[PDB]
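Given next, in structure tokens, is a single chain: the form deposited in one PDB entry.
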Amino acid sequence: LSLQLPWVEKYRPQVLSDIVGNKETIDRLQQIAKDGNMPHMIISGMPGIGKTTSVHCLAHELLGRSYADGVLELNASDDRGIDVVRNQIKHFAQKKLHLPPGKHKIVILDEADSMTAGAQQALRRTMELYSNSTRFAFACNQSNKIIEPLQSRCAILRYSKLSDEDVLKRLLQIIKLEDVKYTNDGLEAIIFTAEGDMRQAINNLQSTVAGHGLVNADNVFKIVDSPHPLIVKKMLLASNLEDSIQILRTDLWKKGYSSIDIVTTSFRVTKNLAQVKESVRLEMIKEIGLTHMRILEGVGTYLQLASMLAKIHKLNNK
């Protein structure tokens, strides 16, 4: 047997210059690393965009040698105990270490917004008590969920979804490092599948390389578990409602694709239908989103998809 090292873990960024997206936030973090004084910061944004990686890279940049022991990572929603993690924070902060005067120990907490008001007040008191030695970083989805004192004391950094250009640049870097043979349509397919999700894009690239070796559209969509975009495009653009329903019933519903995947792929494909007028695309997107809302409420049947197709067809032919 041998050790396992996935590409996603292997090529996670280490220095702040490795991160591709969020140019302004990365520039601010680089400035903070340069001037050698980390303030308390709260990073917020939509979930799954890799917020904690930025503060880990910041800690690596700040601590030239103390990066191994000067970083503590915890999860606020971890049911091991809010009091338990608070006590661990107190122990880590009270544990002084040899450092240059401008640096401090760094604690990273995830899912801070899910904490109670009392828990946030306790963390605020702890941060004030050990502000001379340990600085805190809070990762949250909604900034307003964090109490006002913490927001006022901390510096808010906003993290946004990565654009397709950043995903393309990162994928090209990984491909060059991994001598991956690819085609432009394959990378376009991977970027299309992973809507700003760097982790999913890297995972799909690795899986496609393992499965087929060549990264082209057909291989990518064979590896990818979502419905094929060409099938969804044929279903959406069919001039006859019977044809659209037939394509759905045969190629998507009977193939085992879930309704969530179908509506998500419909949203993705409709958004990119360049030959259709944008007003028509917006109407189609509105209908697809309505059925997505219905599905997420627990209906998620075949009749909802058929009705979505009926409304889209009604829009298309005017």
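One-based numbering along the sequence shown. Throughout, rigid core stands for the largest set of C-alpha atoms superposing within 1.5 Å between the two forms.
Although it is not shown, the form deposited in another entry is what the next lines describe.
Superposing the rigid core between the shown form and the other one leaves a single residue from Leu171, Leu162, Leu123, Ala76 with a C-alpha shift of at least 2 Å: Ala76. Core-superposed comparison between the shown form and the other one: the CA of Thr183 stays below a 2 Å shift. Once both forms are fitted on their core, the CA shift for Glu195 between the shown form and the other one remains under 2 Å. With a cut-off of 2 Å and the rigid core superposed, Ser207 has a Cα displacement that falls short of the cut-off between the shown form and the other one. An increase of at least 3 Å in the separation of the C-alpha atoms of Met293 and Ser160 is found in the other entry, compared with the displayed form. The pair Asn204 and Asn141 is at least 3 angstroms closer at the CA level in the other entry than in the present model.
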